[PDB]
Amino acid sequence: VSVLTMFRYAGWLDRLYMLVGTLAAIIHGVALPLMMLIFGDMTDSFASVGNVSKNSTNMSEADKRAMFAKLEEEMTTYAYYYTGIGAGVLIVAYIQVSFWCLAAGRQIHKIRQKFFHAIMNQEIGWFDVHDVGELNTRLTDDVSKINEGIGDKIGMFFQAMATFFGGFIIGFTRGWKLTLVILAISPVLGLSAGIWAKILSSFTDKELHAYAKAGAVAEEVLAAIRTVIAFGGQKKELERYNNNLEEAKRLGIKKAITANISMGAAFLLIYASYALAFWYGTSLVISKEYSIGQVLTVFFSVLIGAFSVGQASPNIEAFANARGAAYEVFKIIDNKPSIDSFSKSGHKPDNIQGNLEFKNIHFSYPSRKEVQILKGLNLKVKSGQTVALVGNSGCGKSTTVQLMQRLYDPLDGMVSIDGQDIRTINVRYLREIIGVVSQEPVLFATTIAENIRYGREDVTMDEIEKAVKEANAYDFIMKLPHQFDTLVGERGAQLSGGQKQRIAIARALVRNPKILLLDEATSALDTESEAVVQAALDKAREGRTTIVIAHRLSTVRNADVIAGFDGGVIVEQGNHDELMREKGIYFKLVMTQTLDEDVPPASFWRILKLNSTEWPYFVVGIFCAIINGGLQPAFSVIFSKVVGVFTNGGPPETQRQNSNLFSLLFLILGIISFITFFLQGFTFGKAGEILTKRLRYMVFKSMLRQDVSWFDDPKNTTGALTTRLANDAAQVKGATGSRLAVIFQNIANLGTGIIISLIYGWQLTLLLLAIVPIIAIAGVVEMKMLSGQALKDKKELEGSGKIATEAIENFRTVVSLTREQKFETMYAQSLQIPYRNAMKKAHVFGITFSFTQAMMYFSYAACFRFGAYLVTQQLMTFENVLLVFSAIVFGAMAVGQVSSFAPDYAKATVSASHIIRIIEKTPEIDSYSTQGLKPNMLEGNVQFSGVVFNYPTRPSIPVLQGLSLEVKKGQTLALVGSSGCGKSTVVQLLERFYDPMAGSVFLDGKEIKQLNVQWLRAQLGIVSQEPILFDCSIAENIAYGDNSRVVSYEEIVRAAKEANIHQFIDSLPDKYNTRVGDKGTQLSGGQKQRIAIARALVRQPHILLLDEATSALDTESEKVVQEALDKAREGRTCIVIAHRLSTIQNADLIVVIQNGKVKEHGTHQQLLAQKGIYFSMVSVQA
Amino acid sequence: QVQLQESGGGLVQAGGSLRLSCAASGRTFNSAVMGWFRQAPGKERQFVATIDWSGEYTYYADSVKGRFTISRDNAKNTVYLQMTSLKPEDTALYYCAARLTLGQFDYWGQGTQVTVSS
């Protein structure tokens, strides 16, 4: 039903070709095992021939007679074979791809046209709800998914099933035993892969749980960067982050170990089962004599059919995910729930006017629970008059103008145009009788002529002229070049807004509506153009029944009737003089108011250089990958020798040879492969593991030892940084895993394969490499044309999507409705190009895949053709034919593995490129000296002179300009300002988070500019608004080692004693040893702040800094904290910028700072004697 | 393009008449009236009086009404408000302001400070 039928809906002849293509997909999938059925037949005759050839040792010429007769007959069959299958798979290939294109093209084109129509046909609803943009984004991504859902993926699916069910048909028919054995290994092969999913899923979460700690540490630290910097607690986080990395690495190595165990055992069970299939298949030959080895290989082709099932699964997932996502939104996509607007029928009034009548209208905006903006309404405006509406709190007038266009059906009551209800008349016609001028004009991107033409489709420039000329818009446009043909470039901001609105007026003037609606058209406009446009409206007024709402009262002066609302509630109505006579609401208002990343630059081989630099030794892993590489072909060689000697060889010695090769196939693979695979996995696993350690170490430390606008004021974010730590190291880990994987298959194919290739007749080599590279290039150029078409398509739909998003983002088109069908018309014309392009790629994708399979039979042809014929002619041998098959499986594991690890190398290279440029850093400040720390350095009297500053957004209106202060030691320096910054920034600059643009700052009179950064941050009293508490023992939180400072119990005791946090410390379990309980979930702001205070006074700073400490707080907490702050200070210098002016009353020096410029300075009573900003601040404190 | 100046703004004791005037020169004709203000530091701004450039009458505040008077140039744009009997409360900065079609004060001038005693 709705799931499928609609998904596939319409397409009368399309459904038919869909079935023709489907059928061809069936016979395509059917063809492959038949091709392999042929492989057994050619094997059969050739085997019988070989058995007599070695059985001779007497006669020679007879083998030259009969064996060659049979071989010639088989060549005769061969010719009808490659050809017979080839022409078929070629045609049916072009057809099955025609499914991918011809059907999808018309289906998608129909979907697009209906979707694009229905969206505009929903009208009000989109404004009522959902995303209006994010929605049309995802939706077009879903329709993009549909192309993947209804494409040849289905054709491939049926092809696969044809190879599966059709494969097993032949298998079961030619024997039921071997079937049972393979069916027995099916759950077993499914069993080992089951171990995989359990291991992968389990080990991921462990590593995630491990890195979560590393992530959490990275989470808070990077957020607390200004704090850790100020306290210089970097090296401890350094060590912890190394410990957590140590654990995440140990779970990493165990993961790799188990992984290699799984893949290894899986392949063991595969080759073991394969060998068992042969041992019993042979056992059915030597003594039994049932199979000649046809089905023995064919059942392996049944394994290839199961792999076809594995290729089938994605196609279903491609179909299902396309189905499920589409049909569910399809209910929204199609039809027209509508039923408040529509496009059609209704009643057409010829009375061409109607005294507007509003009767008892109760309405609520579709915000649901929001109260009715308009409760009840009564308004009757006689024809030809101009009624003015007014209000205060906003809207409520705008609602009535909105209702007049029937944009919202009123909850209760009715609005009557003429005598009839408004809901009887055709909506489209109503829209045509209603002109609307909004306060904020909008012009579509087109000629002014076209924007007017959007008012009325059928028009001539003469009417355009009369329109603008009556709208007095005919002046600036003539002076303007291109005249009426002048486009409005880059949306609507080009020329004066008054001119824009005036043009909108000309557009509504062409409409010649019998009702005119003006909403604050004059409002939000410069005075001059206001008077001009107003004059235009006036000439547009008096001629049409209209209703005008604005907050401009001069134009209301000449109105025939005025109606007051103030919130939408109707009270007074009538002429201006009558209203002023009432001295009501009208008179009252008139007179009272009188996250993305990754810059482009790459690595360029610096990768393996730095890697090897950080990779001390691993030659056993890669060498083991080499011996495993050369291990792979031996299997292909042994089996080649098995059937080889089985084909050519006599009845004697068959048992010994077959047994020996069977066992050799066993020990060489099952025993050795597991060993070498687990050995390398254990090597490069730990390699990537320790790389994962050292890299993230040398990154995060390079991150913490540099701040300097990467932290203080980055355009980046915490998440982007954590993301960097994850992705970069994970990617280079895959880079090295790919390194060993590639060298492994490299020697596996090139190295051993060349050696095997060398013993051919040398023509066979050339003919073979006249295929493989050619079909490889054909597949590459296929991939290139593929992406080229995908991209050009993306460009076309890009443009159509842009003008579509343009339409849907502008809902004001519905007020005109003229463009409803016109827009879908332009969209139709826009979509017409990809349509023909869809037809174009029908031929293109069709020939590519066809040719790909055209090379398939052609490959098998020349292989067996030349394998027979000329080779058959002189010295026909059992070898060199199966070695071709070996070279084939090497080209398969080559293309397969290389192409699989190719994109892994890409993203890694890019990710590595980022991680390299970041670690180079710009180390700047760490330790050094700059001073010898003389025994005579204390005081704490801080100087500021002519200091200007801006945080690293340069033209951000620097908060400090021409600033100078002074503070004596042992006393409190108060600070107060308007809002925002300059409060906090002074404190920030004292941290030397950023060195100011000009001027200087002193602490002992020495230059902070020239002072060492570390020792400057060695004495600081910094307290933020909402102190961030690290997850750790609260005792360890209280004491942050400044430099050498050990955790001191008696000290932190004194800290709690002073901070009044000792209350919680006395009682409760674990006391000081109590953990923060998952990010301080157990404490309120007051408690955390108490702890922050303890952190401050632990260090015993000669300088304290309070940034809005008490800003967030209440009741007793404010008093106990204020008490703590006061007992914390007065022993040392402190700076308080706090917004509590109630608590500022005790200060040695209070300073009024005006936006970078210190305005007033002095003691409380002195400034109180003065007057200005400060007194206003206290007066507003109340 | 607009600006409003004041003339006569000075000092006087309780019971004195302080006649003021507001000169308005710029561009506007639709309903731009002339209106005066009064504000004190540490407090919001309060209004005074306003004649309508229509031909109706004036609007006096329930603080200053009965006492204060207002006028026009009669050949040109100005407003002469005679301030009769100013209490020490009156003491404030007075800045004349002009109408806006919108009807929310967008026009302002120079102002003048007035000090009253006993």
# chains A, B, ... in the order shown; residues from 1 in each chain; ligands from 1
$ closest_atom_pairs --of "chain A" --to "chain B" --cutoff "9 Å" --atoms "only C-alpha atoms" --output "tab-separated table"
residue	atom	partner	partner_atom	distance
A:523	CA	B:102	CA	7.4
A:527	CA	B:28	CA	8.7
A:528	CA	B:27	CA	9.0
A:531	CA	B:30	CA	8.9
A:550	CA	B:102	CA	8.1
A:551	CA	B:102	CA	5.1
A:552	CA	B:102	CA	3.5
A:553	CA	B:101	CA	4.8
A:554	CA	B:101	CA	4.7
A:555	CA	B:101	CA	7.5
A:556	CA	B:101	CA	8.9
A:557	CA	B:31	CA	8.5
A:589	CA	B:103	CA	8.0
A:590	CA	B:103	CA	6.1
A:591	CA	B:59	CA	7.4
A:592	CA	B:47	CA	8.6
A:593	CA	B:104	CA	5.0
A:594	CA	B:103	CA	5.5
A:1171	CA	B:41	CA	8.1
A:1172	CA	B:41	CA	7.8
A:1173	CA	B:42	CA	8.9
A:1175	CA	B:42	CA	6.5
A:1176	CA	B:42	CA	4.9
A:1177	CA	B:42	CA	8.4
A:1178	CA	B:42	CA	8.7
A:1179	CA	B:42	CA	6.0
A:1180	CA	B:42	CA	7.9
$ write_last_selection --atoms "N, CA, C and O atoms" --output "compact mmCIF listing (two decimals), in the first residue's frame"
# COMPACT_ATOMS: atom_id res chain seq x y z
N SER A 523 5.79 53.60 7.89
CA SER A 523 6.59 53.37 9.09
C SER A 523 7.96 52.81 8.70
O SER A 523 8.11 52.25 7.61
N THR A 527 12.47 60.37 6.68
CA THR A 527 11.43 61.39 6.61
C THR A 527 11.12 61.92 5.20
O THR A 527 9.95 62.13 4.85
N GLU A 528 12.15 62.10 4.39
CA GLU A 528 11.99 62.66 3.05
C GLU A 528 11.26 61.70 2.13
O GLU A 528 10.22 62.03 1.53
N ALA A 531 7.75 61.27 3.06
CA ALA A 531 6.80 62.23 2.49
C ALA A 531 6.52 61.99 1.00
O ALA A 531 5.39 62.17 0.54
N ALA A 550 -1.06 52.38 10.63
CA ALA A 550 0.31 52.78 10.85
C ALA A 550 0.42 53.48 12.17
O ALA A 550 -0.58 53.81 12.81
N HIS A 551 1.65 53.74 12.56
CA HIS A 551 1.94 54.44 13.79
C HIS A 551 2.28 55.89 13.45
O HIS A 551 2.55 56.67 14.34
N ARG A 552 2.26 56.22 12.17
CA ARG A 552 2.49 57.60 11.78
C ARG A 552 1.14 58.29 11.83
O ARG A 552 0.21 57.92 11.11
N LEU A 553 1.04 59.30 12.69
CA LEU A 553 -0.24 60.01 12.88
C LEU A 553 -0.60 61.18 11.95
O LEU A 553 -1.76 61.58 11.89
N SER A 554 0.38 61.74 11.24
CA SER A 554 0.10 62.83 10.30
C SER A 554 -0.80 62.40 9.15
O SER A 554 -1.60 63.19 8.64
N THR A 555 -0.65 61.15 8.73
CA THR A 555 -1.43 60.60 7.64
C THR A 555 -2.80 60.15 8.14
O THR A 555 -3.71 59.88 7.35
N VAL A 556 -2.92 60.03 9.45
CA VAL A 556 -4.17 59.62 10.08
C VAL A 556 -5.05 60.86 10.22
O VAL A 556 -6.27 60.76 10.41
N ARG A 557 -4.43 62.03 10.10
CA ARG A 557 -5.12 63.30 10.26
C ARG A 557 -6.28 63.44 9.27
O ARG A 557 -7.38 63.85 9.62
N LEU A 589 -2.48 58.52 23.34
CA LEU A 589 -1.27 58.10 22.65
C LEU A 589 -0.72 59.20 21.78
O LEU A 589 0.50 59.35 21.66
N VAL A 590 -1.60 59.96 21.13
CA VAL A 590 -1.10 61.03 20.29
C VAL A 590 -0.34 62.07 21.11
O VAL A 590 0.85 62.28 20.90
N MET A 591 -1.03 62.68 22.07
CA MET A 591 -0.41 63.69 22.92
C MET A 591 0.69 63.26 23.91
O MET A 591 1.64 64.01 24.14
N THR A 592 0.56 62.07 24.49
CA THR A 592 1.60 61.57 25.40
C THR A 592 2.86 61.33 24.63
O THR A 592 3.96 61.59 25.12
N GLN A 593 2.71 60.83 23.41
CA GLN A 593 3.89 60.63 22.61
C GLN A 593 4.09 61.89 21.76
O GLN A 593 5.11 62.04 21.09
N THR A 594 3.18 62.85 21.90
CA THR A 594 3.25 64.12 21.18
C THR A 594 3.30 63.85 19.68
O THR A 594 2.30 63.52 19.05
N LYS A 1171 28.10 64.15 41.08
CA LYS A 1171 26.91 63.66 40.40
C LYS A 1171 27.20 63.29 38.95
O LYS A 1171 28.03 63.91 38.29
N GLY A 1172 26.52 62.26 38.46
CA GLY A 1172 26.85 61.65 37.18
C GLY A 1172 26.40 60.21 37.10
O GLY A 1172 25.42 59.82 37.75
N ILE A 1173 27.11 59.42 36.30
CA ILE A 1173 26.84 58.00 36.10
C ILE A 1173 26.64 57.23 37.41
O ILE A 1173 25.68 56.46 37.53
N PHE A 1175 25.82 58.17 40.57
CA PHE A 1175 24.60 58.48 41.30
C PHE A 1175 23.38 57.88 40.61
O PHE A 1175 22.44 57.46 41.27
N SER A 1176 23.39 57.87 39.28
CA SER A 1176 22.32 57.23 38.53
C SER A 1176 22.29 55.73 38.82
O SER A 1176 21.22 55.14 38.99
N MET A 1177 23.47 55.13 38.87
CA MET A 1177 23.61 53.71 39.19
C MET A 1177 23.05 53.34 40.56
O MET A 1177 22.45 52.28 40.73
N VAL A 1178 23.27 54.21 41.54
CA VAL A 1178 22.72 53.95 42.87
C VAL A 1178 21.22 54.25 42.90
O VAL A 1178 20.45 53.55 43.58
N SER A 1179 20.80 55.27 42.17
CA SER A 1179 19.40 55.65 42.10
C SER A 1179 18.57 54.55 41.43
O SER A 1179 17.43 54.31 41.80
N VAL A 1180 19.17 53.90 40.43
CA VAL A 1180 18.48 52.84 39.71
C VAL A 1180 18.57 51.54 40.48
O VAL A 1180 17.86 50.57 40.18
$ select_by_dssp --residues "stretch 490-608 of chain A" --states "alpha helix (DSSP H)" --output "JSON, numbers by chain"
{"A": [497, 498, 499, 500, 501, 502, 503, 504, 505, 506, 507, 508, 509, 510, 527, 528, 529, 530, 531, 532, 533, 534, 535, 536, 537, 538, 539, 540, 576, 577, 578, 579, 580, 581, 582, 585, 586, 587, 588, 589, 590, 591, 592, 606, 607, 608]}
$ write_last_selection --atoms "C-alpha atoms" --output "mmCIF file, in the first residue's frame"
data_model
loop_
_atom_site.group_PDB
_atom_site.id
_atom_site.type_symbol
_atom_site.label_atom_id
_atom_site.label_comp_id
_atom_site.auth_asym_id
_atom_site.auth_seq_id
_atom_site.Cartn_x
_atom_site.Cartn_y
_atom_site.Cartn_z
ATOM 1 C CA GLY A 497 14.212 51.568 0.472
ATOM 2 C CA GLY A 498 11.684 54.314 -0.157
ATOM 3 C CA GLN A 499 12.149 53.715 -3.865
ATOM 4 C CA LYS A 500 11.715 49.983 -3.290
ATOM 5 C CA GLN A 501 8.437 50.464 -1.476
ATOM 6 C CA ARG A 502 7.307 52.983 -4.090
ATOM 7 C CA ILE A 503 7.885 50.317 -6.753
ATOM 8 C CA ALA A 504 5.891 47.824 -4.663
ATOM 9 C CA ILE A 505 3.107 50.429 -4.737
ATOM 10 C CA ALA A 506 3.318 50.582 -8.516
ATOM 11 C CA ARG A 507 3.007 46.782 -8.534
ATOM 12 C CA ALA A 508 -0.132 46.893 -6.413
ATOM 13 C CA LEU A 509 -1.381 49.729 -8.618
ATOM 14 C CA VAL A 510 -1.207 47.511 -11.713
ATOM 15 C CA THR A 527 11.434 61.393 6.610
ATOM 16 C CA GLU A 528 11.987 62.664 3.053
ATOM 17 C CA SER A 529 11.215 59.516 1.131
ATOM 18 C CA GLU A 530 8.480 59.045 3.700
ATOM 19 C CA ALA A 531 6.804 62.230 2.492
ATOM 20 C CA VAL A 532 7.344 61.239 -1.165
ATOM 21 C CA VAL A 533 5.990 57.696 -0.854
ATOM 22 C CA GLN A 534 3.225 59.071 1.352
ATOM 23 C CA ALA A 535 2.235 61.401 -1.483
ATOM 24 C CA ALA A 536 2.211 58.332 -3.746
ATOM 25 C CA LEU A 537 -0.046 56.423 -1.328
ATOM 26 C CA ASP A 538 -2.326 59.450 -1.106
ATOM 27 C CA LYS A 539 -2.723 59.439 -4.876
ATOM 28 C CA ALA A 540 -3.255 55.695 -4.458
ATOM 29 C CA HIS A 576 -10.241 62.727 14.694
ATOM 30 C CA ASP A 577 -12.042 65.722 16.236
ATOM 31 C CA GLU A 578 -14.681 63.512 17.882
ATOM 32 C CA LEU A 579 -11.862 61.404 19.315
ATOM 33 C CA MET A 580 -9.898 64.341 20.726
ATOM 34 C CA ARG A 581 -13.244 65.484 22.073
ATOM 35 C CA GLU A 582 -13.404 62.192 23.957
ATOM 36 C CA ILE A 585 -6.906 56.324 24.101
ATOM 37 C CA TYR A 586 -6.380 58.077 20.778
ATOM 38 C CA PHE A 587 -5.788 61.450 22.412
ATOM 39 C CA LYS A 588 -3.667 59.772 25.060
ATOM 40 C CA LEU A 589 -1.273 58.102 22.654
ATOM 41 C CA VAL A 590 -1.096 61.035 20.291
ATOM 42 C CA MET A 591 -0.409 63.694 22.923
ATOM 43 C CA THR A 592 1.597 61.565 25.405
ATOM 44 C CA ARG A 606 55.871 14.435 5.649
ATOM 45 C CA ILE A 607 53.475 11.870 7.107
ATOM 46 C CA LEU A 608 55.651 8.732 6.999
#
$ atom_distance --atom1 "atom CA of residue A:901" --atom2 "atom CA of residue A:622"
16.7 Å
$ select_by_dssp --residues "stretch 1064-1109 of chain A" --states "strand (DSSP E or B)" --output "ChimeraX atom specification"
/A:1075,1103-1106
$ write_last_selection --atoms "N, CA and C atoms" --output "PDB file, in the first residue's frame"
ATOM      1  N   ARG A1075      34.456  13.026  46.507  1.00  0.00           N
ATOM      2  CA  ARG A1075      34.523  13.383  45.098  1.00  0.00           C
ATOM      3  C   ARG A1075      33.430  14.394  44.777  1.00  0.00           C
ATOM      4  N   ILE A1103      47.613  39.894  45.488  1.00  0.00           N
ATOM      5  CA  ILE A1103      46.622  40.495  44.600  1.00  0.00           C
ATOM      6  C   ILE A1103      45.407  39.597  44.374  1.00  0.00           C
ATOM      7  N   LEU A1104      44.227  40.113  44.705  1.00  0.00           N
ATOM      8  CA  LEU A1104      42.988  39.371  44.513  1.00  0.00           C
ATOM      9  C   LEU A1104      42.158  39.982  43.393  1.00  0.00           C
ATOM     10  N   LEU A1105      41.429  39.136  42.675  1.00  0.00           N
ATOM     11  CA  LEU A1105      40.585  39.587  41.575  1.00  0.00           C
ATOM     12  C   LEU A1105      39.202  38.961  41.670  1.00  0.00           C
ATOM     13  N   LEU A1106      38.178  39.801  41.755  1.00  0.00           N
ATOM     14  CA  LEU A1106      36.813  39.302  41.835  1.00  0.00           C
ATOM     15  C   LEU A1106      35.984  39.750  40.641  1.00  0.00           C
TER      16      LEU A1106
END
$ residues_around --residues "residue B:83" --least-positions-apart "6" --cutoff "8 Å" --atoms "only C-alpha atoms" --output "PDB file with N, CA, C and O atoms, in the first residue's frame"
ATOM      1  N   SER B  17       8.607  85.364  36.869  1.00  0.00           N
ATOM      2  CA  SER B  17       8.171  84.928  35.548  1.00  0.00           C
ATOM      3  C   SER B  17       9.378  84.781  34.623  1.00  0.00           C
ATOM      4  O   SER B  17      10.131  85.730  34.412  1.00  0.00           O
ATOM      5  N   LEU B  18       9.552  83.582  34.081  1.00  0.00           N
ATOM      6  CA  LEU B  18      10.640  83.279  33.171  1.00  0.00           C
ATOM      7  C   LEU B  18      10.091  82.921  31.783  1.00  0.00           C
ATOM      8  O   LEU B  18       9.731  81.773  31.519  1.00  0.00           O
ATOM      9  N   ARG B  19       9.932  83.925  30.931  1.00  0.00           N
ATOM     10  CA  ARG B  19       9.412  83.689  29.589  1.00  0.00           C
ATOM     11  C   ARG B  19      10.464  83.035  28.681  1.00  0.00           C
ATOM     12  O   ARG B  19      11.558  83.570  28.509  1.00  0.00           O
ATOM     13  N   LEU B  20      10.131  81.881  28.108  1.00  0.00           N
ATOM     14  CA  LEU B  20      11.041  81.151  27.218  1.00  0.00           C
ATOM     15  C   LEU B  20      10.518  81.055  25.793  1.00  0.00           C
ATOM     16  O   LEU B  20       9.350  81.335  25.531  1.00  0.00           O
ATOM     17  N   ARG B  67      -0.321  77.376  35.512  1.00  0.00           N
ATOM     18  CA  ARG B  67       0.760  78.338  35.668  1.00  0.00           C
ATOM     19  C   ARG B  67       1.340  78.782  34.333  1.00  0.00           C
ATOM     20  O   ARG B  67       1.304  79.957  33.970  1.00  0.00           O
ATOM     21  N   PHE B  68       1.875  77.807  33.612  1.00  0.00           N
ATOM     22  CA  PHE B  68       2.549  78.024  32.341  1.00  0.00           C
ATOM     23  C   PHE B  68       1.616  78.378  31.185  1.00  0.00           C
ATOM     24  O   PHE B  68       0.460  77.958  31.138  1.00  0.00           O
ATOM     25  N   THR B  69       2.156  79.157  30.255  1.00  0.00           N
ATOM     26  CA  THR B  69       1.450  79.614  29.066  1.00  0.00           C
ATOM     27  C   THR B  69       2.307  79.207  27.865  1.00  0.00           C
ATOM     28  O   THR B  69       3.425  78.745  28.054  1.00  0.00           O
TER      29      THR B  69
END
$ residues_around --residues "residue A:1161" --least-positions-apart "3" --cutoff "12 Å" --atoms "only C-alpha atoms" --output "list in words"
residues 964, 965, 966, 967, 973, 974, 975, 976, 1147, 1148, 1149, 1150, 1151, 1152, 1153, 1154, 1157, 1158, 1164, 1165, 1166, 1167, 1168, 1169, 1170, 1171, 1172, 1173 and 1174 of chain A
$ atom_distance --atom1 "atom CA of residue A:440" --atom2 "atom CA of residue A:521"
7.2 Å
$ residues_around --residues "residue A:207" --least-positions-apart "4" --cutoff "10 Å" --atoms "only C-alpha atoms" --output "number ranges by chain"
A: 202-203, 211-213, 247-252, 255
$ write_last_selection --atoms "N, CA, C and O atoms" --output "PDB file, in the first residue's frame"
ATOM      1  N   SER A 202      31.465  -4.344  21.489  1.00  0.00           N
ATOM      2  CA  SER A 202      31.891  -4.313  22.885  1.00  0.00           C
ATOM      3  C   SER A 202      33.167  -3.502  23.106  1.00  0.00           C
ATOM      4  O   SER A 202      33.261  -2.729  24.058  1.00  0.00           O
ATOM      5  N   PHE A 203      34.147  -3.688  22.227  1.00  0.00           N
ATOM      6  CA  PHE A 203      35.430  -3.001  22.353  1.00  0.00           C
ATOM      7  C   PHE A 203      35.374  -1.522  21.983  1.00  0.00           C
ATOM      8  O   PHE A 203      36.198  -0.732  22.447  1.00  0.00           O
ATOM      9  N   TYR A 211      38.264   6.805  26.416  1.00  0.00           N
ATOM     10  CA  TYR A 211      38.547   8.126  25.873  1.00  0.00           C
ATOM     11  C   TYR A 211      37.565   9.167  26.407  1.00  0.00           C
ATOM     12  O   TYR A 211      37.836  10.365  26.343  1.00  0.00           O
ATOM     13  N   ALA A 212      36.419   8.715  26.914  1.00  0.00           N
ATOM     14  CA  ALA A 212      35.457   9.615  27.546  1.00  0.00           C
ATOM     15  C   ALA A 212      36.132  10.342  28.698  1.00  0.00           C
ATOM     16  O   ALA A 212      35.964  11.546  28.869  1.00  0.00           O
ATOM     17  N   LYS A 213      36.888   9.589  29.492  1.00  0.00           N
ATOM     18  CA  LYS A 213      37.694  10.166  30.557  1.00  0.00           C
ATOM     19  C   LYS A 213      38.708  11.143  29.979  1.00  0.00           C
ATOM     20  O   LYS A 213      38.848  12.266  30.459  1.00  0.00           O
ATOM     21  N   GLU A 247      45.635   3.992  29.332  1.00  0.00           N
ATOM     22  CA  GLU A 247      44.554   3.011  29.432  1.00  0.00           C
ATOM     23  C   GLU A 247      43.833   2.821  28.099  1.00  0.00           C
ATOM     24  O   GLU A 247      43.568   1.681  27.673  1.00  0.00           O
ATOM     25  N   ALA A 248      43.513   3.932  27.440  1.00  0.00           N
ATOM     26  CA  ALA A 248      42.833   3.863  26.151  1.00  0.00           C
ATOM     27  C   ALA A 248      43.681   3.092  25.139  1.00  0.00           C
ATOM     28  O   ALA A 248      43.153   2.413  24.241  1.00  0.00           O
ATOM     29  N   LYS A 249      44.997   3.142  25.325  1.00  0.00           N
ATOM     30  CA  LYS A 249      45.885   2.436  24.421  1.00  0.00           C
ATOM     31  C   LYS A 249      45.845   0.955  24.779  1.00  0.00           C
ATOM     32  O   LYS A 249      45.926   0.107  23.889  1.00  0.00           O
ATOM     33  N   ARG A 250      45.713   0.621  26.066  1.00  0.00           N
ATOM     34  CA  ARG A 250      45.704  -0.806  26.406  1.00  0.00           C
ATOM     35  C   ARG A 250      44.405  -1.485  25.934  1.00  0.00           C
ATOM     36  O   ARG A 250      44.399  -2.664  25.519  1.00  0.00           O
ATOM     37  N   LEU A 251      43.314  -0.724  25.922  1.00  0.00           N
ATOM     38  CA  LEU A 251      42.071  -1.273  25.388  1.00  0.00           C
ATOM     39  C   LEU A 251      42.137  -1.308  23.866  1.00  0.00           C
ATOM     40  O   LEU A 251      41.505  -2.158  23.218  1.00  0.00           O
ATOM     41  N   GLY A 252      42.951  -0.420  23.304  1.00  0.00           N
ATOM     42  CA  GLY A 252      43.141  -0.410  21.866  1.00  0.00           C
ATOM     43  C   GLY A 252      43.874  -1.666  21.429  1.00  0.00           C
ATOM     44  O   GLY A 252      43.441  -2.352  20.493  1.00  0.00           O
ATOM     45  N   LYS A 255      41.803  -4.727  21.738  1.00  0.00           N
ATOM     46  CA  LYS A 255      40.861  -4.726  20.620  1.00  0.00           C
ATOM     47  C   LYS A 255      41.478  -5.256  19.331  1.00  0.00           C
ATOM     48  O   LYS A 255      40.876  -6.081  18.638  1.00  0.00           O
TER      49      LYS A 255
END
$ residues_around --residues "residue B:71" --least-positions-apart "3" --cutoff "6 Å" --atoms "only C-alpha atoms" --output "ChimeraX atom specification"
/B:79-81
$ atom_distance --atom1 "atom CA of residue A:817" --atom2 "atom CA of residue A:427"
9.4 Å
$ residues_around --residues "residue A:805" --least-positions-apart "5" --cutoff "10 Å" --atoms "only C-alpha atoms" --output "list in words"
residues 132, 133, 136, 137, 799, 800 and 810 of chain A
$ decode --residues "stretch 109-113 of chain B" --atoms "N, CA and C atoms" --output "short mmCIF file (atom, residue, chain, number, x, y, z; two decimals), in the first residue's frame"
data_model
loop_
_atom_site.label_atom_id
_atom_site.label_comp_id
_atom_site.auth_asym_id
_atom_site.auth_seq_id
_atom_site.Cartn_x
_atom_site.Cartn_y
_atom_site.Cartn_z
N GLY B 109 16.42 69.01 20.68
CA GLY B 109 17.25 70.19 20.50
C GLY B 109 18.42 70.38 21.44
N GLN B 110 18.78 71.64 21.65
CA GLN B 110 19.86 72.06 22.54
C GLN B 110 19.57 71.93 24.04
N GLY B 111 18.39 72.39 24.44
CA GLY B 111 17.98 72.44 25.84
C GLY B 111 18.52 73.66 26.57
N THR B 112 18.14 73.80 27.84
CA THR B 112 18.69 74.82 28.73
C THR B 112 18.39 74.47 30.19
N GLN B 113 19.33 74.74 31.09
CA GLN B 113 19.10 74.43 32.50
C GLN B 113 18.50 75.62 33.23
#
